[PDB]
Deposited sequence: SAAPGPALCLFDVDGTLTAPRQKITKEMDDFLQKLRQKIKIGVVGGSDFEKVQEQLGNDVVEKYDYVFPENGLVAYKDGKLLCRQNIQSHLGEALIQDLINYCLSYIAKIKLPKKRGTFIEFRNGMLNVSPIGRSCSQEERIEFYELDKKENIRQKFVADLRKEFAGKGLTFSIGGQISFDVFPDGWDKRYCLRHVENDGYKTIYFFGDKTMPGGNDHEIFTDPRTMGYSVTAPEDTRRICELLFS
């Protein structure tokens, strides 16, 4: 019904994987923006979104939410820049860091490299081996991790240590896990849209990483898409 907004995931939703958006797709969205407002959200940073969607990305969408909406543009103008250290405070930042440093120092492994802690605007990415390891070194860690459950245990330990502090944990891939404030997934971006009068907020993306929370969130009407051809097919069905 009513005034409405379409929000799209960027890679695989609007583009072919690792490819820039198509002229055909782009023309399609600008034609859609005639009747309904459009925005984009993704885990990547602004430079990445530009590569994928074009340098003029902010003139092309009514909202643009790099880094899950921790960076936000509305109507072409930079709305907010939020980061983990401002939300959590420095002392907590540093207590998390200090704990993870000392814990990693105690884990027995076949190899250790560097970038044990990667600091991002939205998360601490932590790797017992270190993110700089080579492919063969990562595979070795990953098989050890499967047998030993090194990441699961670190995360459990941390979850105990930092109970009450409003942090979520997330293991994936082969060598690291993420620590970030609660709700700092794609759901973050909804705070920027939910007071602009939309009667419906459509979300187009993957419904599954598990589960993408924005997809299942009570504010959105989530539609899972398999490719830009699909996004178009469903937009044709819903709109027009």
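Stretches of the deposited sequence left without coordinates are 1-3, 213-215, in sequence order.
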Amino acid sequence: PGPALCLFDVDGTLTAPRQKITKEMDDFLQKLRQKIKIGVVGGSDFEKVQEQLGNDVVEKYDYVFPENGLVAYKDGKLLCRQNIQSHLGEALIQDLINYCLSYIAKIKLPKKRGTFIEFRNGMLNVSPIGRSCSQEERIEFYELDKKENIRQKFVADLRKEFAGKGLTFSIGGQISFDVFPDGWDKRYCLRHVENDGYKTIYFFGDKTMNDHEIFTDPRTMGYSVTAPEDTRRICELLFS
From here on, numbers count along this sequence of modelled residues.
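Take the two forms, superpose them, and find the largest set of C-alpha atoms that agree within 1.5 Å; that set is the rigid core.
Core superposition of the other structures onto this form places the C-alphas of 126-134 farther off in 4 other deposited structures of this protein than those of the other stretch among 90-98 and 126-134. Choosing between 70-78 and 112-120, the greater Cα displacement from the shown form in 4 other deposited structures of this protein, fitted by the core, goes with 112-120. Sort the chain's modelled residues by C-alpha temperature factor and residue 75 lands in the middle third, per the entry. Sort the chain's modelled residues by C-alpha temperature factor and residue 227 lands in the lowest third, per the entry. Annotation for residue 21: C-alpha temperature factor in the lowest third relative to the rest of the modelled chain, per the entry. The PDB entry assigns residue 45 a C-alpha temperature factor belonging to the lowest third of its chain's modelled residues. The entry lists a Cα temperature factor for residue 94 that places it in the middle third of the chain's modelled residues.
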